[PDB]
(Lines of atoms letter the chains of each structure in order from A and count residues from 1; the text may use other names and numbers.)
(Lines give C-alpha, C1' and ligand atoms only; values in the text may rest on other atoms or scores of the structure.)
Protein backbone atom coordinates (compact mmCIF):
# COMPACT_ATOMS: atom_id res chain seq x y z
CA UNK A 1 0.00 0.00 0.00
CA UNK A 2 1.02 3.64 -0.33
CA UNK A 3 2.65 4.62 2.93
CA UNK A 4 2.51 8.35 3.57
CA UNK A 5 5.18 9.04 6.22
CA UNK A 6 4.05 10.88 9.39
CA UNK A 7 6.11 13.91 8.33
CA UNK A 8 4.37 14.06 4.96
CA UNK A 9 0.97 13.67 6.66
CA UNK A 10 2.01 16.72 8.68
CA UNK A 11 2.88 18.61 5.51
CA UNK A 12 -0.50 17.68 4.05
CA UNK A 13 -2.17 19.07 7.17
CA UNK A 14 -0.18 22.29 7.01
CA UNK A 15 -1.00 22.59 3.30
CA UNK A 16 -4.70 22.56 4.21
CA UNK A 17 -4.08 25.13 6.98
CA UNK A 18 -2.39 27.43 4.46
CA UNK A 19 -5.28 26.94 2.04
CA UNK A 20 -7.77 28.02 4.68
CA UNK A 21 -5.52 30.97 5.59
CA UNK A 22 -5.31 32.00 1.90
CA UNK A 23 -9.08 31.75 1.55
CA UNK A 24 -9.40 34.28 4.40
CA UNK A 25 -6.75 36.65 3.02
CA UNK A 26 -8.48 36.56 -0.34
CA UNK A 27 -11.83 37.35 1.28
CA UNK A 28 -10.18 40.27 3.11
CA UNK A 29 -8.61 41.46 -0.11
CA UNK A 30 -11.93 41.28 -1.97
CA UNK A 31 -13.75 43.26 0.69
CA UNK A 32 -11.08 45.98 0.41
CA UNK A 33 -11.28 45.83 -3.41
CA UNK A 34 -15.06 46.29 -3.37
CA UNK A 35 -14.82 49.31 -1.09
CA UNK A 36 -12.06 50.72 -3.28
CA UNK A 37 -14.18 50.30 -6.41
CA UNK A 38 -17.13 52.03 -4.78
CA UNK A 39 -14.95 54.90 -3.56
CA UNK A 40 -13.42 55.41 -7.00
CA UNK A 41 -16.90 55.42 -8.56
CA UNK A 42 -18.05 58.01 -6.03
CA UNK A 43 -14.99 60.21 -6.68
CA UNK A 44 -15.49 59.94 -10.43
CA UNK A 45 -19.07 61.14 -10.00
CA UNK A 46 -18.29 63.96 -7.60
CA UNK A 47 -15.46 65.18 -9.80
CA UNK A 48 -17.89 65.52 -12.72
CA UNK A 49 -19.97 68.09 -10.80
CA UNK A 50 -19.70 71.83 -11.52
CA UNK A 51 -17.32 73.52 -9.06
CA UNK A 52 -20.20 75.43 -7.45
CA UNK A 53 -22.41 72.36 -7.05
CA UNK A 54 -24.12 72.09 -3.67
CA UNK A 55 -22.79 69.13 -1.64
CA UNK A 56 -23.79 67.73 1.78
CA UNK A 57 -22.06 64.93 3.66
CA UNK A 58 -23.27 62.48 6.28
CA UNK A 59 -21.71 62.35 9.74
CA UNK A 60 -23.29 59.36 11.39
CA UNK A 61 -27.02 60.08 11.40
CA UNK A 62 -26.38 63.77 10.72
CA UNK A 63 -26.13 65.71 7.47
CA UNK A 64 -24.00 68.83 7.12
CA UNK A 65 -23.05 71.05 4.23
CA UNK A 66 -19.63 70.58 2.64
CA UNK A 67 -18.17 71.58 -0.74
CA UNK A 68 -17.13 69.84 -3.93
CA UNK A 69 -13.42 70.31 -3.21
CA UNK A 70 -13.68 69.01 0.34
CA UNK A 71 -15.64 65.91 -0.65
CA UNK A 72 -13.16 65.18 -3.45
CA UNK A 73 -10.25 65.49 -1.00
CA UNK A 74 -11.86 63.20 1.57
CA UNK A 75 -12.60 60.63 -1.16
CA UNK A 76 -9.01 60.78 -2.44
CA UNK A 77 -7.83 60.08 1.08
CA UNK A 78 -10.19 57.13 1.43
CA UNK A 79 -8.91 55.72 -1.84
CA UNK A 80 -5.30 56.33 -0.82
CA UNK A 81 -5.96 54.40 2.39
CA UNK A 82 -7.70 51.48 0.71
CA UNK A 83 -4.92 51.12 -1.85
CA UNK A 84 -2.29 50.93 0.90
CA UNK A 85 -4.41 48.24 2.59
CA UNK A 86 -4.98 46.42 -0.67
CA UNK A 87 -1.26 46.24 -1.40
CA UNK A 88 -0.44 44.83 2.04
CA UNK A 89 -3.07 42.09 1.60
CA UNK A 90 -1.77 41.30 -1.90
CA UNK A 91 1.71 40.94 -0.41
CA UNK A 92 0.33 38.48 2.17
CA UNK A 93 -1.52 36.62 -0.61
CA UNK A 94 1.62 36.32 -2.75
CA UNK A 95 3.53 34.98 0.26
CA UNK A 96 0.86 32.36 0.86
CA UNK A 97 0.81 31.27 -2.76
CA UNK A 98 4.56 30.78 -2.63
CA UNK A 99 4.39 28.73 0.56
CA UNK A 100 1.64 26.59 -0.99
CA UNK A 101 3.78 26.13 -4.11
CA UNK A 102 6.87 25.16 -2.15
CA UNK A 103 5.04 22.85 0.25
CA UNK A 104 3.17 21.15 -2.60
CA UNK A 105 6.52 20.51 -4.30
CA UNK A 106 8.00 19.03 -1.12
CA UNK A 107 5.07 16.67 -0.68
CA UNK A 108 5.30 15.50 -4.31
CA UNK A 109 9.04 14.98 -3.99
CA UNK A 110 8.63 13.01 -0.76
CA UNK A 111 5.93 10.74 -2.23
CA UNK A 112 7.61 10.27 -5.63
CA UNK A 113 8.27 6.59 -6.44
CA UNK A 114 11.97 5.64 -6.03
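Residue numbers count along the first chain shown, from 1.
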| property | result |
| --- | --- |
| Residue range whose averaged C-alpha B-factor is higher in the record, 45 to 53 or 65 to 73 | 45 to 53 |
| Entry-level comparison of average CA B-factors, 25 to 33 and 77 to 85, reporting the higher stretch | 25 to 33 |
| Residue 8 - which third its CA temperature factor falls in, relative to the rest of the chain | lowest |
| Residue 14 by Cα B-factor - lowest, middle or highest third of the modelled chain | lowest |
